[PDB]
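A short write-up of the structure that comes next.
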Amino acid sequence: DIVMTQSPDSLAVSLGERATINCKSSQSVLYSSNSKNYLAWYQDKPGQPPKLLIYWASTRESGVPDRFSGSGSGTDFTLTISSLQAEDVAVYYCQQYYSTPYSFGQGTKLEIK
Ligand code: IUM
Ligand SMILES: [Zn+2]
């Protein structure tokens, strides 16, 4: 199974500062025919359903501000929030949908320092 591993498990960043979250896939999720990374990022707020933030590893979902940026190819991916705002507090998850069963990381709890 393709296993997704996030780092760190928890991060306390100060408002206005940058938060960086890593996600590693056990095998490449970069499809050579497409040249696309089947990697997604979700933002999950307490008690709320998860919201899709970025897909194809770097494409932002409609409405998502550009301070959220996803990058990486193959096996190493990153979610960088430039200038963390109070509403950014949530657990962030990466997911691969390269091949079934689709899998997620254990999440990274992002908090205001
Ligand atoms: O808080 U919720 O998937
Ligand atoms: Zn901009």
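Mapping of the sequence shown onto the deposited numbering: residues 1 to 27, 27A to 27F, 28 to 107, in sequence order.
The beta carbon of each residue, even a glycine, is placed where N, CA and C say it ideally should be.
Run the CB neighbour count on residue i, radius 10 Å, all protein chains shown included, and call it buried at 16 or more, exposed below.
| i | result |
| --- | --- |
| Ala51 | buried |
| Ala19 | buried |
| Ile106 | exposed |
| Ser26 | exposed |
| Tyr49 | buried |
| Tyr32 | buried |
| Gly64 | buried |
| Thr94 | exposed |
Comparing C-alpha positions only, which one of the options sits nearest to residue i?
| i | options | result |
| --- | --- | --- |
| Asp60 | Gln79, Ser25 and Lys39 | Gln79 |
| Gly66 | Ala34, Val83 and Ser10 | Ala34 |
| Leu104 | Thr74, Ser27A, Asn28 and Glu55 | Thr74 |
| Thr53 | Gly41, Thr72 and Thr94 | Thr72 |
| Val3 | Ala12, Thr69 and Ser27E | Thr69 |
| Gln42 | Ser63, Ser27E, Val85 and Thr102 | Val85 |
| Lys45 | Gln6, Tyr87 and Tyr96 | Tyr87 |
| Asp82 | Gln90, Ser27F, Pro40 and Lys24 | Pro40 |
| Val27B | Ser56, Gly57, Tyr96 and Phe62 | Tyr96 |
| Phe98 | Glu17, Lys24 and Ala12 | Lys24 |
| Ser27F | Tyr92, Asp9 and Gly101 | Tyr92 |
Could you tell me whether any non-hydrogen atom of ligand 2 is closer than 8 Å to the CB of residue i?
| i | result |
| --- | --- |
| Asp60 | yes |
Could you name the residues, in chain order, whose CB is less than 7 Å away from a heavy atom belonging to ligand 1?
-> Per the CB criterion, closer than 7 Å to any heavy atom of ligand 1, the qualifying residues run in chain order as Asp38, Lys39, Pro40, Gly41, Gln42, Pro43 and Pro44.
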